[PDB]
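**Q**
Dropping the structure here:
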């Protein structure tokens, strides 16, 4: 806000000047390594202190900035995931019994997610295949080309697809009544339901309590969490087989790091040379790809349940990849030759112009990421000296920055929690005073059904 | 040199058997039964071949042992069994492969197999301990800390006192569950004076009994040997006057501390009608402001470190940084004695020159746990269990730096009279075998004698006991000693993992230490060693983290050692081990550590429902309202 505007004037100067100086002055002028390391430490501690002060100011602005919205579902609901299956009771009965025993006199109702897995699959192929047929007919009118992947690539149906219009229309008509009979089945079927649910409480207090606590002696079951907006929930990931989200996120770190390291390799070989046979040209044509969307899909292959979170994670990965390759390699090549939508765009424009001359915690994460990348790549640049033996004393700098980041985590992030207990209770009391004749149950028991299900 | 190893092995086995002979003699003597059997007295269960105790300590399975001692003791005893499980197949595999290109890949596959086995054993053990903890807590008896939460950093106010603030807040924000609260009172001075009066009473009793021994006049001038030139020609009248004046000061202090409002600290122990409500208050963000109304589970009153509840919460970070700096200076200015003991490692004459470094090092580190506990009390932690785990962490870092790397570096340098670590490490296998033997076998077999508590008990009984029914006061067996017992075994883990692929002759010494220490400590836990606090084995995440750190250090050192060979090609294999090990650490962390850091609400509700169905006429408020006052105020 106002403080962000005030501090950005001093902030931009340091931001443009911190990587360029370390790139140029460190290789241009030869007390050599001592000066280099001491200047690096001075800059990194200056940045750390600036972040800490600014982030105290932002936290205080948050505390004074307390205001109200009207009300919404996900102000009362949580997303109980990975409900354990039982042969004797359906998911609805299990959820109801659990939340009547272990959270009594606050639980209101639960809306179990329908077995949308095949449902979401069929809806998604429905939409993408009508779109597919549309622009492919347009393309065939423009450029008559034949595809060799009929919607599956590997193990598609043994058909002909001479028309692909009437056959698909008939399949859609049949699957409509198939969906109808499945709808009739799910109301009494104990296996046509995914293991997840949206649980609604009488109060914000209860939902906050239920979102922050452990629910069972098995931290992989009844895995509770703040529910998204009914428009914002990503219906596919609700019932991932849950192969240990911790493992699922570790795999993402590793795969992303190898992806970026692999993409560094061609540029490294190009710089080393400039210091089958024709397939490299096709590869260079392909390196301009939709890869942003590739990362988005790649994390979508993992589970976050909310479109906002998926977009945030994809944007962060794309940010770090951009800042590494299209910035640091570019500026090092330039040095060798010498010898919240408008905000990221204006960042890119200001960086490009200077080449020739609760979102704030995310911003903090990005700045810390930039500092860590700078430090690690300077590490790689300077490690060429054999038998330096300065490493067990010089390596600590990324570790120190990560320690400071965790200090900031534990010291200021808890100021952006949704509904700490005091606020939830105060909102409850005020709302009850304002609207003492509110049938809350009727209001909150119709959302989180499905976009398809009316 | 193997001859020195054999001679020292003979000497240390001789010392162990001499210790056990002396122990079997002392144990049967009726006039010190109150020492070797100190528990069975604190339970009120007792009153008034020479190695039969070695198998006799193997009765009492883990269920009955858990009931007799506690879960902290039984888990800390499982640490030695963990050592045996990790290092017996490692020892067998190394002795069947690495003892009489190609041997390069043999080494690499050895490192991979050792890490895989270690991680599998850690996973199984950490599951077992998690379930043991959950079962124990579910079955535990009622304690006031199951309902109580320590609220620190209450915000100050112009007119309302601290108690009114706390009551209003927990009435508004936890209705139908908030029961009572007890404020924290800064009574350090009063407690100090009470302790001083106790010391003076001890001296007075000593002198009174001495006078009753011989009819004369004592002349002890204020220090015994070289104090102020007093006479205290009575030396009993002087202490009578001292006790009277200290009692007057105590009475005035008691009157003052109750009515002074600056003696109230901004903290309170708030209690709830149910375990579920306490768990809700102790795990949830209370207010927006991240520093005000901080809540966490409270320690049971026999656990609180009352001296440190009177520290303004703003200054804990300053204190922690100051003690980090002082710990750096300690781990630095302590390089000198270790370089000295390594100088000491320059026919029965020379073998004792191979045996004396162990005792020298053991003697220089004997006063280290006391220093580390003082530094831990400086960063006020408000709980004996937290102080002990903090001190164990610090003393592990101290071992890993000074006892291990400083010894390796200093010894390599002193043999001087790139990566030289590849010859600096395997040359200290002799020193570390000798140190393991001295500080392990002989040290443990000497602990079972309990010389220090035995001597203190006899001294107190001969000089300070005035009547009957006060001996149980002198009986102070102590605890299992996490601070000291745990980092030693962590160091032996680290040595065994580092030297297993390098020189596999280190391991049998460690295995003998693990079996011996297991027997000895099981006997002691059964028979002596009262327990000062009772967490439910909450230290185990720390033990697991430290074993993972030892694995990573071992792997890095191996990579540095074999990085000397031309055309290494080890990086695509030994940069995968620390990464796979850290990934495994994070999987175990996320899957099993919640049992140790969080309290599930279903567990609390089950406990509460069973309790109410069992004892429906319980008056909780009477049980909770007077705990957590202070031991000084009656």
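Protein chains in written order, with the deposited numbering: chain A, 93 to 122, 157 to 401, 426 to 489, 567 to 584, 622 to 718; chain B, 3 to 50, 71 to 122, 156 to 401, 420 to 490, 502 to 718.
Even for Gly, the Cβ is constructed at its ideal location relative to N, Cα and C.
(1) Is residue 364/A near residue 455/A, with beta carbons less than 8 angstroms apart?
(2) Verify whether the separation of the beta carbon atoms of residue 43/A and residue 237/A is less than 8 angstroms.
(3) Go ahead and label residue 94/B buried or exposed: buried means 16 or more other beta carbons lie within 10 angstroms of its beta carbon, across all protein chains shown.
(4) Expressed to the nearest angstrom, what Euclidean distance is found between the alpha-carbon atoms of residue 694/A and residue 362/A?
(5) Identify each residue in the stretch 209 to 228 of chain B for which the Cβ-Cβ distance to at least one residue of chain A is less than 9 angstroms, and report them in chain order.
(6) Can you tell which of 216/A, 347/A, 302/A has the C-alpha that lies nearest to the C-alpha of residue 686/B?
(7) Three Cβ pairs or more, each shorter than 8 angstroms: is that satisfied between the stretch 617 to 630 of chain B and the stretch 86 to 101 of chain B?
(8) Measuring alpha carbon to alpha carbon, tell me which residue in 44/B, 625/B, 14/B, 11/B is nearest residue 613/B.
(9) Please confirm if the stretch 19 to 27 of chain B is in contact with the stretch 520 to 540 of chain B, defined as three or more CB-CB distances below 8 angstroms between the two stretches.
(10) Where does residue 271/B fall in DSSP's three states?
(11) Just the Cα atoms here: how many angstroms apart are residue 634/B and residue 640/B?
(12) Measuring alpha carbon to alpha carbon, tell me which of 338/A, 308/A, 213/A ends up nearest residue 678/A.
(13) Let me make sure I understand the geometry here. Which of 73/B, 76/B, 179/B has the alpha-carbon closest to that of residue 104/B?
(14) If contacts are defined as beta-carbon pairs under 8 angstroms, then residue 217/B and residue 321/B qualify, I think. What distance do you get, rounded to the angstrom?
(15) If you draw a straight line from the alpha carbon of residue 247/B to that of residue 239/B, how long is it in whole angstroms?
(16) Shortest alpha-carbon distance to residue 229/B belongs to which of 121/B, 326/B, 156/B?
(17) For residue 319/B, name the three-state secondary structure that DSSP assigns.
(18) Find the residues of chain A that neighbour residue 472/B, judging by a C-beta separation of less than 8 angstroms, and give them in chain order.
(19) Who are the Cβ neighbours of residue 527/B in its own chain at under 8 angstroms, not counting the five residues just before and after it?
(20) Would you mind telling me which residues of chain A sit closer than 9 angstroms to residue 685/B, beta carbon to beta carbon, in chain order?
(21) In chain order, what residues of the same chain lie with their CB nearer than 7 angstroms to the CB of residue 397/B, ignoring the 5 residues before and after it?
(22) Would you say residue 533/B lies against chain A (beta-carbon separation less than 8 angstroms)?
(23) How big is the Cα-Cα spacing for residue 188/B and residue 680/B?
(24) Just to confirm before moving on: does the CB-CB distance between residue 318/A and residue 241/A stay below 8 angstroms?
(25) Closest by CA to residue 657/B, which one among 541/B, 90/B, 109/B, 170/B?
(26) Measuring CB to CB, does residue 380/B end up less than 8 angstroms from residue 525/B?
(27) With three or more C-beta pairs closer than 8 angstroms as the rule, is the stretch 291 to 299 of chain A touching the stretch 210 to 226 of chain A?
(28) Quick check on residue 373/A - is its C-beta less than 8 angstroms from some C-beta in chain B?
(29) Note down, in chain order, each residue of its chain lying with its Cβ closer than 7 angstroms to the Cβ of residue 356/A, except the 5 sequence neighbours on either side.
(30) Closer than 9 angstroms between beta carbons: that is the criterion. Which residues of the stretch 344 to 363 of chain A meet it against chain B?
(31) In angstroms with no decimal places, state the Cα-to-Cα distance between residue 464/A and residue 444/A.
(32) For residue 700/A, count neighbouring Cβ atoms within 10 angstroms of its own Cβ and tell me buried if that reaches 16, exposed if not.
(33) Measure the beta-carbon distance from residue 631/A to residue 177/A and round it to whole angstroms, keeping in mind my assumption that it falls under 8 angstroms.
(34) Answer with buried or exposed for residue 256/A, where buried requires no fewer than 16 other C-beta atoms within 10 angstroms of its C-beta.
(35) Could you have a look at residue 324/A and say whether DSSP puts it in helix, strand or coil?
**A** This is what the structure gives:
(1) As a working note, residue 364/A is residue 238 in the first chain. As a working note, residue 455/A is residue 305 in the first chain. A contact, by the Cβ cut-off of 8 angstroms.
(2) Because chain A spans 93 through 718 in this model, residue 43/A falls outside it and cannot be assessed.
(3) Your numbering for residue 94/B matches position 72 in the second chain. Buried: at least 16 other Cβ atoms inside 10 Å.
(4) The residue given as residue 694/A occupies position 430 in the first chain. The residue given as residue 362/A occupies position 236 in the first chain. Each residue's alpha carbon lies about 37 angstroms from the other.
(5) 224, 227, 228
(6) Position 602 of the second chain, counted from the first residue, corresponds to residue 686/B. Closest option to residue 686/B, Cα to Cα, is 347/A.
(7) yes
(8) Translated into positions along the second chain, residue 613/B becomes position 529. Nearest of 44/B, 625/B, 14/B, 11/B to residue 613/B, Cα basis: 44/B.
(9) By the Cβ test, the stretch 19 to 27 of chain B is in contact with the stretch 520 to 540 of chain B, since at least three Cβ pairs between them sit closer than 8 angstroms.
(10) For the purposes of this step, residue 271/B is taken as the residue at position 216 of the second chain. Of the three classes helix, strand and coil, the one that applies to residue 271/B here is coil, per DSSP.
(11) As a working mapping, residue 634/B is identified with position 550 in the second chain. As a working mapping, residue 640/B is identified with position 556 in the second chain. One C-alpha to the other measures close to 10 angstroms.
(12) The sequence position of residue 678/A within the first chain is 414, counting from 1. The residue with the shortest Cα to Cα distance from residue 678/A is 338/A.
(13) Walking along the second chain from the start, residue 104/B turns up at place 82. That would be 179/B, whose Cα lies nearest to the Cα of residue 104/B.
(14) Residue 217/B sits at position 162 when you count from the first residue of the second chain. Residue 321/B sits at position 266 when you count from the first residue of the second chain. Rounded, the Cβ-Cβ distance is 6 angstroms, consistent with contact.
(15) Taking the second chain and counting its residues from 1, one reaches residue 247/B at position 192. Taking the second chain and counting its residues from 1, one reaches residue 239/B at position 184. C-alpha separation (whole angstroms): 17 angstroms.
(16) Translated into positions along the second chain, residue 229/B becomes position 174. When only C-alpha atoms are compared, the closest one is 326/B.
(17) As a position in the second chain, residue 319/B is number 264, starting the count at 1. Residue 319/B: strand per DSSP, three-state reduction.
(18) On the second chain, position 399 is the one that residue 472/B refers to. Ordered by position in chain A, no residue passes the 8 angstroms Cβ test against residue 472/B, which lies about 17 angstroms from the chain.
(19) The sequence position of residue 527/B within the second chain is 443, counting from 1. Here the set comprises 435.
(20) Here residue 685/B refers to the residue found at position 601 when the second chain is read from its first residue. Within 9 angstroms Cβ-Cβ: 228, 229, 335, 336, 339, 340, 341, 342.
(21) As a first step, residue 397/B is located in the second chain; it is residue number 342 there, counting from the start. Taken in chain order, the residues that qualify are 480, 483, 484, 487.
(22) Residue mapping note: residue 533/B aligns to position 449 of the second chain, counting from 1. Answer no: the Cβ-Cβ gap between residue 533/B and chain A never drops below 8 angstroms.
(23) Residue numbering aside, residue 188/B sits at position 133 when the second chain is read from its first letter. Residue numbering aside, residue 680/B sits at position 596 when the second chain is read from its first letter. Their backbone Cα atoms lie some 8 angstroms apart in a straight line.
(24) The residue given as residue 318/A occupies position 192 in the first chain. The residue given as residue 241/A occupies position 115 in the first chain. Cβ atoms of residue 318/A and residue 241/A: closer than 8 angstroms.
(25) Indexing the second chain from 1 puts residue 657/B at position 573. Checking every option, the nearest Cα to that of residue 657/B belongs to 170/B.
(26) Mapped onto the second chain, residue 380/B falls at position 325. Mapped onto the second chain, residue 525/B falls at position 441. Contact: no.
(27) no
(28) Numbered from 1 along the first chain, position 247 holds the residue referred to as residue 373/A. Yes, because at least one Cβ of chain B sits closer than 8 angstroms to the Cβ of residue 373/A.
(29) The residue you call residue 356/A lines up with position 230 of the first chain. So the qualifying residues of the chain are 199, 711, 712.
(30) 344, 345, 346, 348
(31) Position 314 of the first chain, counting from 1, holds the residue named residue 464/A. Position 294 of the first chain, counting from 1, holds the residue named residue 444/A. Those two C-alpha atoms are separated by around 9 angstroms.
(32) On the first chain, position 436 is the one that residue 700/A refers to. Exposed, by the Cβ-count rule.
(33) The residue labelled residue 631/A in the question sits at position 367 within the first chain. The residue labelled residue 177/A in the question sits at position 51 within the first chain. Confirmed, about 6 angstroms.
(34) Locating residue 256/A in the first chain gives position 130, counting from the first residue. Around the C-beta of residue 256/A, fewer than 16 other C-beta atoms lie within 10 Å, and the residue is accordingly described as exposed.
(35) As a first step, residue 324/A is located in the first chain; it is residue number 198 there, counting from the start. Three-state result, residue 324/A: strand.
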